[PDB]
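Asker: just the starting chains for now, same placement as in the complex:
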Amino acid sequence: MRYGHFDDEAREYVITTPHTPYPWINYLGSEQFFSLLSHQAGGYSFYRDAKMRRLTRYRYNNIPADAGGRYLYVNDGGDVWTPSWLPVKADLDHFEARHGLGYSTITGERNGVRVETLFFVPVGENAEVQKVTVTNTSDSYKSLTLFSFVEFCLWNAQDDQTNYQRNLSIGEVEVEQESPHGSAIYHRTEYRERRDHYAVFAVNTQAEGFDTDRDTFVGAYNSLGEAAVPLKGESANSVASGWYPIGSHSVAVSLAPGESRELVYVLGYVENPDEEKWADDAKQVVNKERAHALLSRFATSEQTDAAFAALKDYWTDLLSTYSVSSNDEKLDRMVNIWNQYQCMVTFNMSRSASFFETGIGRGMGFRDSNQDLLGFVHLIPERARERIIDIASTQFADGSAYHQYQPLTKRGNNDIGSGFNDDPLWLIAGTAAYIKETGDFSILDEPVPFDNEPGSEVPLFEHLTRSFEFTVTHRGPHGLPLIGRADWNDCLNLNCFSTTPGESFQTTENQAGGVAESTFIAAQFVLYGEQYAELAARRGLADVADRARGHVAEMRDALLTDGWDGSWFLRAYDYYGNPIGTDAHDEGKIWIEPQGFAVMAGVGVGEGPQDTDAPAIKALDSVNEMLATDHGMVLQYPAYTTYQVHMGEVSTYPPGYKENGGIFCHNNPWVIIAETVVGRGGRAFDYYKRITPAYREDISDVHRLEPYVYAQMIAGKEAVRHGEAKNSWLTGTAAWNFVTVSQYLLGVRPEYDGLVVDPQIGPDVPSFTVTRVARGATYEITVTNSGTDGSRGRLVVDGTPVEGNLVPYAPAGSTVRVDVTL
């Protein structure tokens, strides 16, 4: 069943009940200031750093979930309710939440009073704004008091929830009931000491009263749903000193039948130069100049509406690079809106904060920085260029990489360190995709240091060479790359051997040496090793290119011999040289990552889809028979039913979850792309639909999480909860699925020398048109598609038939019409 509908015209997902299977959130903010916002107004906001700069507090694993957020308590003749339903849970006559791009609206109505709240983070502002419209929909007069509410965090969210021995004595506010445009509250904890910033929470009208102490507003022994002040009907005017600061104003609203009142609320982050921190000589009063300025920009509904308009303009203008129009509304909305929105949110949020990730850890995988780039580079190429230099600047001089990148300081994580041997090859993945999209070969000449050491600068190209050579110099007894701490699968730790709780599976190595190899890195090395070789050749390094190709050919041979189990690729050789992912074993017979990635790299592909004998086809057939389910493909089969001490974290999961039998959505695209490669477009599209939000909307009760974005993990067939997802929003599943559908299913993909048009989607999409803007020109690509396996597109370019699948790049400003038949 469903709990909402898509609104394609508005670019919103419309949630039509409070009673979803789980809280469904949206992300506000496109620059430095961000909010997490559930369909019940839950969540929080922070400036730049979700661990050290959080404005407002939020409780994970609360009972009930998501009780805490931006509330507006309506007191109507003594009856108290919130339009967000939570936390009060008073019966509503009407409820709706709409999540759009960078903004959401939530509307609740009860006993003749409707409250609609628009939430957004404006362009160019460090604030979350609410436009609130209160309407008397009854036939009688209403006289209301509305109590706003936000609970402040003491900035360092880790300290805030752990260091009470100090932090219950540090909470400080200032109250400004007569602000130039209404009433305002300032949360200024530790502004007295080292912080040059405070938060402001304010309303564009004179508040009848206020509260800044949570215990007084809520009352002893009460939940948020039973808050005492709203029930009493008057603000207690509480001034916090320590404990739990909050922001609340009471606003009197009197309405004739049918009449409406609009209010604008602002939660703002304000920083002052050090020399301008104080209003007074005694340094007791915060300088409010900047806060007043912000509040003056949102004093009226007209300013707020214009800011909202400017937000939509931003998203509408940003999403102008790739669209599709077909017979399939679900495909179209995923491609044009939601998949691309999600990719942008991953770039903005990294892996900081979701309703699963808690905002305390601040880095993301080095490998993930690169892969995320694959999905946003067509939208923000300038930013992508900068990200590539920033991450490559952290790389070690021997070619190895920090496993975790800290995007806020542009440094590698020193505690975690290096030794995950797939990491360095992803830098080649990132840079090639960047150069194919933009044509900007000049990024290869940028000066880039190693481990951020001044004076160590070499060309970015030289970094790619050190990434390539790292794998060459780190191969094991079969010529396969040594896996080291782990490969893409961070749970496959063959050099760990842990039997002590609390030891990190990723960084603990209780035995040194060994000969553990990865076929995943082999496959990766074949694919990105060739992309390196091509860049070396174009750079005019004919000898470097050719040597590189030689190493790639040897790796291809190794995969197809020592790496090949008979009907699929092995997964690895362990510390002692024993096979992993072989049919000789009872569990973990076939693993998905090699099968998809190796075939993506062309390994074992034969004459065409009918060539059953081809290793590539045997492997993908094996995947289909042993790993594919109704909800996508599981990571390996069978799942391990006992702890495998020589394999690290993988077997610690109960079967059917995460890396031990879960559908790890991120890797499903590699097989989908593999299927288009071998010429089985219908199978490819099928696998895509199995895990794609628009297509899973009909089973929201089984999926449970957001029906409009991808999740990392869907419980596999061996789990009782099979079909149920965890870890929505922040996952490279978004980039890889966007790459898959845009470039391989729809088949429109940037190349150095032109735009390739190679659709392989099968019969379910008989006709479609893609509009792609590439190198300053617009390509209108109309496809008539039989969907037959092995049939590839013949192109007519501007009315004239052409040979091959490559369209020459046209000059900036051009429009190019391409008709395709297959």
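Answerer: The structure has been received and is ready for your questions. Residues are numbered from 1 along each chain as shown, chains lettered A, B, ... in the order given.
Asker: so residue A:159, which of the three states?
Answerer: Counting by DSSP: H, G, I helix; E, B strand; the rest coil, the backbone at residue A:159 sits in helix.
Asker: please report how far the closest residue to it other than its chain neighbours lies from residue A:359.
Answerer: Once flanking residues are discounted, residue A:159 sits nearest to residue A:167: 6.0 Å by Cβ to Cβ, 6 or more residues apart in numbering. (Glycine included, C-beta is placed from N, CA and C.) To residue A:359, residue A:167 is 17 Å away according to Cβ to Cβ, to the nearest Å.
Asker: tell me which element the residue lying closest to residue A:170 once chain neighbours are set aside falls in.
Answerer: Spatial nearest neighbour of residue A:170, excluding adjacent residues (Cβ to Cβ, 6+ apart): residue A:189 at 5.5 Å. Using DSSP states H and E, residue A:189 sits within no helix or strand.
Asker: so residue A:189 touches residue A:172, yeah?
Answerer: Yes. Between residue A:189 and residue A:172 there is a contact at 5.4 Å, judged by Cβ atoms under 8 Å.
Asker: okay, those two: which has more neighbours?
Answerer: Just comparing residue A:189 and residue A:172: by other Cβ atoms under 10 Å the higher neighbour count belongs to residue A:189, 23 against 20.
Asker: contacts only, for that one.
Answerer: Taking Cβ atoms under 8 Å, 6 or more residues apart in numbering, we find residue A:189 in contact with A:152, A:154-155, A:170-172, A:195, A:245.
Asker: try 6 Å
Answerer: Residue A:189 sits next to A:154, A:170-172 when contact means Cβ atoms under 6 Å, 6 or more residues apart in numbering.
Asker: how close does the residue nearest to residue A:159 sit to residue A:155?
Answerer: For residue A:167 relative to residue A:155 (Cβ to Cβ), the value is 10 Å.
Asker: also residue A:656?
Answerer: Where residue A:155 is concerned, residue A:656 sits at a distance of 40 Å (Cβ to Cβ).
Asker: which one's more surrounded, those two?
Answerer: residue A:155 (25 against 20).
Asker: and the lengthiest strand in chain A, which residues are buried?
Answerer: Ranked by number of residues, the top strand in chain A under DSSP state E is strand A:142-155. Across strand A:142-155, burial judged by 16 or more other Cβ atoms under 10 Å covers A:142, A:144-155.
Asker: attach chain B to the model above:
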Amino acid sequence: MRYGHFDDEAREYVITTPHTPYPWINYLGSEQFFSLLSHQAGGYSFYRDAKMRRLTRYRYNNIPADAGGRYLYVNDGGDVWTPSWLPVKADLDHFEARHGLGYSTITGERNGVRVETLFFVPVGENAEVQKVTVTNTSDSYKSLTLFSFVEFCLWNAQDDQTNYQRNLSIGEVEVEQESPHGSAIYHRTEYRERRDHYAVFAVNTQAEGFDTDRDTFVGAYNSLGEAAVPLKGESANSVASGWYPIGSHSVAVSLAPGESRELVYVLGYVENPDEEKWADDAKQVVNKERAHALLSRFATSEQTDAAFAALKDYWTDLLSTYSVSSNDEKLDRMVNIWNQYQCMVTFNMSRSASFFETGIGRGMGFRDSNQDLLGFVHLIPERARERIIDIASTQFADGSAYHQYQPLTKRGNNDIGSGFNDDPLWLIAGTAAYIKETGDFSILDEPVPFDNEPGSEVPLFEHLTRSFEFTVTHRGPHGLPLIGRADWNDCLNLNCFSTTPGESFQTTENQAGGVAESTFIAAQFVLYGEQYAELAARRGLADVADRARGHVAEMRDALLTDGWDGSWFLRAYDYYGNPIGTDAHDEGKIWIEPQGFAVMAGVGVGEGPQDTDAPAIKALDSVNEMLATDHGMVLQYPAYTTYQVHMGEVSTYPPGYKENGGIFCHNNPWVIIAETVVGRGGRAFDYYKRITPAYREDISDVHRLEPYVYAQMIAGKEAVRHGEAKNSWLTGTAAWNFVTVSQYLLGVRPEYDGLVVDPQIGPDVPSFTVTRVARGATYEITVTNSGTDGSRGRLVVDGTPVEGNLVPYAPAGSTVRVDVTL
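Answerer: Adding chain B to the chains above:
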């Protein structure tokens, strides 16, 4: 006003309402297994390690506070309520909670149904036991369904509340409806992998049903107060797979009028050897032998009642060493019961877990390990001796110490490190108090390594020497000790200079060198420097002793000259050698720590209380005028009203909290002891009453926290919340107050050559008798006390008058009667 009363006959604090100012807690467990238990059954339990071995989940900063614990949902004809009042908050006809020594009882009655629960951790057991008695107090038949409830934690509490991306998929249980003695639920998360332990939650009767999935038991959108299963009236028999494991059993109870039913619940921690983990060849079923054995030990009320009696025997026999009988019930109950209980609790729990300390950090101050020992050494001398050996074994070879000690591993915290220059001297404090209490000079000969390095062992005495010499070799331009990172005041960081949020004030040193000195360490060196000297002398090291005395005399001279401001002692010299704690400055004119500690050490003491001119008397008179308030003495005055960058954490607190004008109780005793030293017993006893729990009971509404234990911090006079306490239970205030009243006010204190009897308590306690067990003999000390300033006791020993205040130690088994007149 009050919320209860002491019951001295039962040794319990009786809480007579649910509606206390704050959750008031007790500690269960005297060995490896401990529980935090509030008067609303809130809190949690862990085995040994509260960070990584936590059985059950607890939410700090919940709304409302303390909503989560061991609950028993009573469904009576469809009406649902809990005898702990929270979480349901149904109106109770009767409520009472009694906290005793190692157990509590909570009783609730509503609509003719009474439910009493006794909570305790038995001696020799790693479990929390509930004895539940349900009585039908109505004139009608009653048919009830009782639902037990506890929420599991996923063992590692830090992971539990931060790493959802993994741990929402790892919850596992096994259900045993037909357990040999009732029904049992096993929480076995990560038992599959590296954990050799699991938890069992069980009842000594056949449960009608069960639940182990929180979301099913409680229902979506619901608080614990609205749990759906109890309201439905029948268990859902949910079996957890991931998400949030719980333990819950429904039991059917039918009662005629006046009829009662007893039930015994067990929460148990169970560990199997590796070769004994599994019941089955396939390793899917936990080996339950040890669990069934535990459960068989609490299968009946009789077994349970006998275990309860053995727990009372344990605490009664334990507290047989020091007691007083006077005219003052408040003094007597603090000295005989609550103060010594709190001291045992601090040894058992270190600084791990309270309702303010969250159980994640696992270490405690090396300085606090020594100070806590001062207050428990008379009870557990054998355990004290071991603790001294353990902490000294971590000491550095240069005499410096780890600032933080980790009792669980008996190692120093490497990340925090050393450099807090008061730390080494406290090892002398600990060892001297131990040897005085026991006569065990043999401890000084123990082999003890440095920094736990095999082969580096030297006699414990040599560790004391390196402590004493460390101070000698680390003195400033005035001959005062260099302060280093800080002294006892962890917030006096004169070598920090931080202007960046997130830098640790204790470990960050942005300037090296400087000349900062501490007068507190000076006074400390005078006091414990002399004690070391006396030990070296007794050891027969005449040259060493005299030389130590020479250094101590020099330190005295420094304190009284360079360390003296005119009417009180300076607090320090800062990094550039400017004075801190001087009347020349507007703020921080006088600091408490040096006044109290210098006079305890005899520095500036004159002819008697009559001698106003004596610096000790000028300093204490200044402390009285400027720092003493109705709630105790504040740390310094005035408090700093702007950030002092050159002083570190201290001025970051708003005035009147923690180290910036807070009443930091821990330090009040040094002045109380000082006042007995100068012969002002009435003032000493006054100060003692101002911060002591039995005397603050009648102002429970101001104090806010537990009226039966000391808290670390009472808000000072410059704070709007002046009088309100934070950080109850785990604080060196306990040891220092017990030393103060037992050895200085009451005046019974062990020395090497006998028992000193030197009462100085003022007129408010005209007569009292102390019974003290010391070196195997019992001393009955009967005191008649005029309370006059400077009047000191004249002793008659077994009927014969003696000179001096020292009673020779009698042979083990003797009774000695001492009569004192002053």
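Asker: repeat for the contacts of residue A:189, accounting for chain B.
Answerer: Contact analysis of residue A:189 by Cβ atoms under 6 Å, 6 or more residues apart in numbering or on different chains lists A:154, A:170-172.
Asker: name the pair among the residues you listed with the greatest separation in space.
Answerer: Across those, no pair lies farther apart than A:154 and A:172, at 9.8 Å, counting by Cβ to Cβ.
Asker: neighbouring strands - and their directions - for the helix or strand containing residue A:251?
Answerer: According to DSSP H and E, residue A:251 maps onto strand A:245-255. Applying DSSP bridges, strand A:245-255 is found paired with strand A:142-155 (antiparallel), strand A:209-213 (antiparallel).
Asker: nearest spatial neighbour of residue A:529, skipping sequence neighbours?
Answerer: Closest residue to residue A:529 apart from its sequence neighbours, by Cβ to Cβ, 6 or more residues apart in numbering or on different chains: residue A:552 at 4.2 Å.
Asker: quick check: the one you found is in a helix.
Answerer: Yes. Under three-state DSSP, residue A:552 falls within a helix.
Asker: so what's whatever residue of the stretch 401-550 of chain A ends up closest to chain B up against?
Answerer: The nearest approach of the stretch 401-550 of chain A to chain B comes at residue A:501, 4.8 Å away (Cβ to the nearest Cβ). Counting by Cβ under 6 Å, 6+ apart, residue A:501 touches B:194-195.
Asker: which SS state does it fall under?
Answerer: coil.
Asker: what of residue A:583?
Answerer: Looking at residue A:583 with three-state DSSP, the answer is coil.
Asker: same deal with residue A:72?
Answerer: strand.
Asker: equivalent analysis for residue A:131, please.
Answerer: Once three-state DSSP is applied, residue A:131 turns out strand.
Asker: who does it bridge with?
Answerer: Assigned bridge partners for residue A:131, using DSSP bridges, are residue A:118, residue A:264.
Asker: right, and it touches residue A:118 too?
Answerer: Yes. Using Cβ atoms under 6 Å, residue A:131 makes contact with residue A:118 at a distance of 4.1 Å.
Asker: thinking again about what came up before, of the contacts of residue A:189, which belong to helices?
Answerer: Counting by DSSP state H, the contacts of residue A:189 place none of their members in helices.
Asker: for chain B, what are the nearby residues on the stretch 351-500 of chain A?
Answerer: With Cβ under 6 Å from any Cβ of the partner chain as the criterion, the stretch 351-500 of chain A comes near chain B at residues A:356, A:358, A:360, A:499.
Asker: generate a PyMOL selection restricted to the buried entries among these.
Answerer: To isolate the buried members of these in PyMOL, using 16 or more other Cβ atoms under 10 Å in any protein chain shown:
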select buried, chain A and resi 356+358+360
